[PDB]
Amino acid sequence: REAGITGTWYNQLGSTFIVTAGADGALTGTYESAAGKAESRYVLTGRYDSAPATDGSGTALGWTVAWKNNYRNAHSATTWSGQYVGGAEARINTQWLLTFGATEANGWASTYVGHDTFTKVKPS
Amino acid sequence: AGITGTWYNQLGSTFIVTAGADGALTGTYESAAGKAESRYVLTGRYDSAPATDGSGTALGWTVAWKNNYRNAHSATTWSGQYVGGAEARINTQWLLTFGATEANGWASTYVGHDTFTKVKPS
Amino acid sequence: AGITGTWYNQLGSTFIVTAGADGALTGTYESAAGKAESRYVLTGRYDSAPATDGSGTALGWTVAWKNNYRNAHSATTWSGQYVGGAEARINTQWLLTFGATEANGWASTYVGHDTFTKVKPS
Amino acid sequence: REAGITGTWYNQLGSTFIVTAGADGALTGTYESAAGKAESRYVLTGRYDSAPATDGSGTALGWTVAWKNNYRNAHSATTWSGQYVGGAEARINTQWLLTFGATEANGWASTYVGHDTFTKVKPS
Ligand SMILES: O=C(CCCC[C@@H]1SC[C@@H]2NC(=O)N[C@@H]21)NC1CCN(c2ccncc2)CC1
Ligand SMILES: O=C(CCCC[C@@H]1SC[C@@H]2NC(=O)N[C@@H]21)NC1CCN(c2ccncc2)CC1
Ligand SMILES: O=C(CCCC[C@@H]1SC[C@@H]2NC(=O)N[C@@H]21)NC1CCN(c2ccncc2)CC1
Ligand SMILES: O=C(CCCC[C@@H]1SC[C@@H]2NC(=O)N[C@@H]21)NC1CCN(c2ccncc2)CC1
């Protein structure tokens, strides 16, 4: 739901995902990474299913951060693909792809893959 | 920036995108494959000040597979880079997540790769 | 080497493995999820002379989901590393490919992640 | 089939995949990468579906290379997951994960993802 997704979320790295789920299916907000070549907040934008199934499945969504802000540029971008699962212990379960700029010859080695689990309470 | 325009991948899907001065990607995506018909909204981000050393321009975008005609309860993100030159291309790898229960969540994401060029695959 | 033994992931699957002197991984895998029953053969490889700087030990293995009882026309590879210490773990990400026609090949691979420890998830 | 898979294959990077598909579902052979921190041949081992479906689908398979041989050790391993599709232009279509040794704190950034298409004739 709009209400369930909008707010502040934290992953296992301690990063802070601040998002608003708009009525039109848009995700907007800011991302602060606790890891990598990043400082302070970055713009994010994405999309979510604004009319999810009523069978107990999660709500599919994704978003992108390009790692450039007013302070620095790490010539890279991450996309997160996953779903919101509501309930007592709400979660956004994601897989991500982090691509960094590379020459054509080195393009084969230009994308990391990983996974982040977002919860409403900070871990550890 | 080279990114703005109409692009096609190897499946024949149509990616119509505008790269704005604020680092945003906006536009529409029409998939030639899967549980999809007509155009879907996309939004993303790109590096608006890329390196000048021959590296590509990092970018990503998302489509949620709901429009006025269909809802496939799923979303794809593409992560990759624009490479300019004689034959400009956008090389991507993608993640397609479909809604699932928590118990079936382990099997909820496909991975793949799409290469986009400006040549209509007529 | 620490790798030889019985490991369990967060799904409750059972990975019984031997890390041999020649860099090979051999053993059996029992999945607690999906189109799978009983044990399946696995084979893989690991770095038999890892760095001494605190880095983990890189490794990977494959299961094809055919045994004497079932054939799910699919295979999973796990890629990751062993990290030793008080609570040894094997952190992995995996790719599960299922047989498909060429036309449906774009939608033929799931991606996920499994973390293995030696604690029976009783 | 055993006959279709066994032999020498080439990917778009110019790497050489030499494999034997055994009756027991085993893949064995050697891999020579044209890219990255690699020289000469490396041992590979994997598995394939030795009784695939008869409906026109491909044959699921995977294999692993640890990037250590008699000459060097790059403290890393790649797995390829994919399928053999037989016919006039036989192919092995794969996705891969390349993991390199990392400390626990840097484990989030320890795996590259990519894709290789193997054919019976060298490209370009
Ligand atoms: O580190 C960042 C930007 C921050 C990413 C933070 C990541 S997003 C997924 C995960 N979840 C989080 O919450 N945080 C992390 N970008 C790089 C990566 C590697 N780079 C190269 C360059 C050249 N060769 C190899 C690698 C340089 C720039
Ligand atoms: O097909 C789509 C939406 C269109 C995706 C098009 C894809 S995007 C990457 C690729 N590049 C393109 O240009 N086109 C393709 N969504 C399905 C996925 C599978 N779904 C399930 C549900 C339950 N269990 C298993 C699978 C149901 C929803
Ligand atoms: O379920 C299995 C085999 C068991 C996989 C167990 C997985 S391995 C990674 C994870 N870690 C574990 O410990 N366990 C799970 N194979 C299916 C996959 C989906 N299949 C299709 C076919 C056609 N269209 C779509 C999907 C049919 C075959
Ligand atoms: O390059 C190789 C080994 C050869 C891989 C060849 C790859 S297999 C998939 C693709 N298909 C091929 O045919 N060939 C390529 N291994 C590394 C990678 C990155 N490494 C680090 C270390 C520390 N921080 C970051 C990165 C160091 C060791």
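Every number in this text was worked out from the coordinates using simple rules, so none of it is lab data. Don't worry about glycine lacking a Cβ; one is built from the backbone with ideal geometry, like all the others, and counts go over all protein chains shown.
Points to keep in mind about this one:
- All of (1) facing chain D (nearest Cβ under 9 Å); (2) more than 23 Å from D:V43 (Cα to Cα); (3) polar (S, T, N, Q) hold for C:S13 with one exception: (1).
- Output for the range B:76-105, where each listed residue is of a type in the set (A, V, I, L, M, F, W, C), within 12 Å of ligand 2 (Cβ to nearest atom) and not in a strand (DSSP E or B): B:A100
- Residue count for the range B:43-75, restricted to those that are part of a strand (DSSP E or B), crowded, with 20+ Cβ neighbours inside 10 Å and either of a type in the set (D, E) or within 7 Å of chain A (Cβ to nearest Cβ) (or both): 16.
- A single member of D:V121, D:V65 is of a type in the set (A, V, I, L, M), over 21 Å from A:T99 (Cβ atoms) and over 15 Å from the mean Cα position of the chain (by Cα), and it is D:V121.
- Residue in the range B:14-30 that is surrounded by fewer than 17 Cβ atoms within 10 Å (Cβ to Cβ), assigned to a loop (DSSP other than H, G, I, E, B) and touching a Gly at 6+ places or on another chain (Cβ under 9 Å) present: no
- Which listed residue, of A:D55, A:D24, is out of contact with any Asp or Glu (no Cβ under 7 Å at 6 or more places or on another chain), within 16 Å of ligand 2 (Cβ to nearest atom) and of a type in the set (D, E): A:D55
- Within the range A:23-35, residues that are under 15 Å from B:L25 (Cα atoms) reach partners that are surrounded by fewer than 16 Cβ atoms within 10 Å (Cβ to Cβ) and not β-branched (V, I, T) with beta carbons closer than 9 Å, at six or more positions or on different chains, in the pairs A:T28/A:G22.
- Restricting the range A:56-74 to residues that are within 8 Å of chain B (Cβ to nearest Cβ) and not hydrophobic (A, V, I, L, M, F, W, C), the residue that is surrounded by the fewest Cβ atoms within 10 Å (Cβ to Cβ): A:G56
- Residues being closer than 14 Å to D:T94 by Cα and either within 16 Å of ligand 1 (Cβ to nearest atom) or more than 7 Å from chain D (Cβ to nearest Cβ) (or both) - total across the range C:79-95: 1
For (1) within 16 Å of ligand 4 (Cβ to nearest atom); (2) touching a residue at least 60 places away in the same chain (Cβ under 8 Å); (3) out of contact with any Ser or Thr (no Cβ under 9 Å at 6 or more places or on another chain); (4) more than 19 Å from D:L61 (Cα to Cα), each residue gets a yes or a no:
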position: C:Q10; (1), (2), (3), (4): no, yes, no, yes
position: C:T14; (1), (2), (3), (4): no, no, no, yes
position: C:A19; (1), (2), (3), (4): no, no, no, yes
position: C:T28; (1), (2), (3), (4): no, no, no, no
position: C:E37; (1), (2), (3), (4): no, no, no, no
position: C:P50; (1), (2), (3), (4): yes, no, no, yes
position: C:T57; (1), (2), (3), (4): yes, no, no, yes
position: C:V63; (1), (2), (3), (4): no, no, no, no
position: C:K66; (1), (2), (3), (4): no, no, no, no
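One line per residue, one yes/no per condition, for (1) assigned to a strand (DSSP E or B); (2) not polar (S, T, N, Q):
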{"residue": "D:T8", "(1), (2)": "yes, no"}
{"residue": "D:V19", "(1), (2)": "yes, yes"}
{"residue": "D:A34", "(1), (2)": "no, yes"}
{"residue": "D:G46", "(1), (2)": "yes, yes"}
{"residue": "D:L61", "(1), (2)": "yes, yes"}
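- Test: residue in the range D:37-44 that is of a type outside the set (D, E, K, R), more than 8 Å from chain C (Cβ to nearest Cβ), more than 10 Å from ligand 4 (Cβ to nearest atom) and not in a strand (DSSP E or B): yes
- Applying the criterion of being within 13 Å of chain C (Cβ to nearest Cβ), in contact with a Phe, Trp or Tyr (Cβ under 9 Å, 6 or more places away or on another chain) and not small (G, A, S) to the residues of the range D:1-27, the residue that is farthest from ligand 4 (Cβ to nearest atom) is D:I5.
- Number of positions in the range A:94-105 that are surrounded by 23 or more Cβ atoms within 10 Å (Cβ to Cβ) and assigned to a strand (DSSP E or B): 6
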